[PDB]
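Have a look at the structure below, then the notes.
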Amino acid sequence: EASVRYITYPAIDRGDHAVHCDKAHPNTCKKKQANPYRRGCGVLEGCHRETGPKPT
């Protein structure tokens, strides 16, 4: 028999290992990416980040 079936849920265009880059839109193509929203820390107080409240 060797029966086999696969199913993939819908997605915009998120890859994993690698994706083909468009010759017309190669600047959109990225090997790796993160969330589209960006934010920088400009408080100048010190700005510190921790893994969690109680990583210990």
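Identifiers for the structure tokens are assigned positionally: chains receive A, B, ... in sequence, residues are indexed from 1 per chain, and ligands are indexed from 1 in the order shown.
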Long-range neighbours of residue 13 in chain A as a PyMOL selection string, 12 Å cut-off, only C-alpha atoms, 6 positions minimum in chain: chain A and resi 19-20+28-30+33
I need the residues from that last selection saved to file as a short mmCIF file (atom, residue, chain, number, x, y, z; two decimals), in the first residue's frame (with N, CA, C and O atoms), if you can.
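That gives us result11.cif:
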data_model
loop_
_atom_site.label_atom_id
_atom_site.label_comp_id
_atom_site.auth_asym_id
_atom_site.auth_seq_id
_atom_site.Cartn_x
_atom_site.Cartn_y
_atom_site.Cartn_z
N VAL A 19 14.02 30.33 1.09
CA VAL A 19 13.04 30.66 0.06
C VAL A 19 13.72 31.29 -1.16
O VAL A 19 14.77 31.93 -1.03
N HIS A 20 13.10 31.12 -2.33
CA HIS A 20 13.63 31.69 -3.57
C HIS A 20 13.44 33.21 -3.58
O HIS A 20 12.38 33.71 -3.20
N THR A 28 12.97 41.94 -1.05
CA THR A 28 11.91 41.48 -0.16
C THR A 28 12.29 40.11 0.40
O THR A 28 12.02 39.80 1.57
N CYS A 29 12.92 39.30 -0.45
CA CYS A 29 13.34 37.97 -0.10
C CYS A 29 14.38 38.01 1.02
O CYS A 29 15.38 38.72 0.93
N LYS A 30 14.13 37.22 2.06
CA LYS A 30 15.03 37.13 3.20
C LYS A 30 15.18 35.68 3.66
O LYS A 30 14.18 34.96 3.79
N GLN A 33 13.90 36.06 9.18
CA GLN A 33 13.14 37.26 9.51
C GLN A 33 12.54 37.21 10.91
O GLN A 33 12.57 36.18 11.58
#
Separation of CA of residue 35 in chain A from CA of residue 23 in chain A in Å: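 Those two atoms sit 24.0 Å apart.
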Between CA of residue 16 in chain A and CA of residue 55 in chain A - distance in Å to one decimal: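 One can read the CA of residue 55 in chain A to CA of residue 16 in chain A distance as 29.1 Å.
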